[PDB]
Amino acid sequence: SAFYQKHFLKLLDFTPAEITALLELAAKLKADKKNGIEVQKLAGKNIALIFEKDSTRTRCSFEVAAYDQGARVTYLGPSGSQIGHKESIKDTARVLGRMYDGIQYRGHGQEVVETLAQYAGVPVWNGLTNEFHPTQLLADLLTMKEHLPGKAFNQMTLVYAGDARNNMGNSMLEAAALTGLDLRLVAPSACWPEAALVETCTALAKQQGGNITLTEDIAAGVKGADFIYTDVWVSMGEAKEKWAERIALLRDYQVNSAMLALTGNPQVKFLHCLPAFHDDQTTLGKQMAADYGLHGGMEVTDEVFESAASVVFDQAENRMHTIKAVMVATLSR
């Protein structure tokens, strides 16, 4: 169980038994705080948080985890020039490494984070890159374990519905490759991940006791699901015209009550990394209902999001406990 002074760049750098140990430490740390017996292992330690792109949830998780454990943080938010434009990453890592005990990087390509790791001389943790999002996956795996206790991940069935090509989709293939989940990607074929990545993650997951299924057939795809998972269909970085065709393509794949009933599982739980477009009284939600008929929600309805099946807020809380585990395990012995 030695993560000490290791990096945390992507969940694939670890074995199933290590991810399990990291999750058990997070559950202990979580329980420790709930019971007011939290032992700080990071008193004296200073952490730098590089954010080349904004994410509040990920910042607050790193900040609160550090504070609970007694560390102090410097938040280095977006400043324009990405590292490697004007100044080499080599140079950034060696200056921060002299000064900080640990470095979170959230931003662009995995090549960036991997270079920062090689030169910092201190643990580097990936809060998100274009390619991998291991803190979010950790948090999802901990939530899944808490609500379906006593079952290995290869005793579980996960549905991810909607657009499986985006960065959260690839994380699902990563999750099943390492844990052996029974994974079902319920999406229109235009939004399927690259077939090569699919062939290769299925083999890894098959060898781990699970499978990966890609299908446009919702009623078949979701049978037996323990958890349904979705994310937003569109991006504020594209125009109105792009939204129209994404919504027409994907609206049939909305997680709604009828989808959940198609599972045949009365204890199915619902997951969403957030932010979620479920409330049609927001400014954007009122436009989407008026323009596209999306009353009651988009990728997930308000009824499901607010139902007892929804654990999205346990899931968000767990960002913090899992990130705390990463930092305690890589910075203290």
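Residues carry their position along the shown sequence, with the first being 1.
- Taking only CA atoms, the mean B-factor in the PDB entry is higher for 34-42 than for the other of 64-72 and 34-42.
- Mean C-alpha B-factor is higher over 280-288 than over the other stretch, the pair under comparison being 280-288 and 298-306.
- Taking only the listed residues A164, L249, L116, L262, the entry reports the highest CA temperature factor at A164.
- Considering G224, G150, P134, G77 together, the PDB entry gives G150 the largest C-alpha B factor.
- Residue-level temperature factors show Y105 in the lowest third of its chain, judged at the C-alpha atom.
- Per the PDB record, residue ranking by Cα B-factor puts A2 in the highest third of the chain.
- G97 sits in the lowest third of its chain by CA B factor, as recorded in the PDB entry.
- Among the modelled residues of its chain, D140 has a C-alpha B-factor that falls in the middle third according to the deposited record.
- When the modelled residues of the chain are ordered by C-alpha B-factor, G127 sits in the lowest third.
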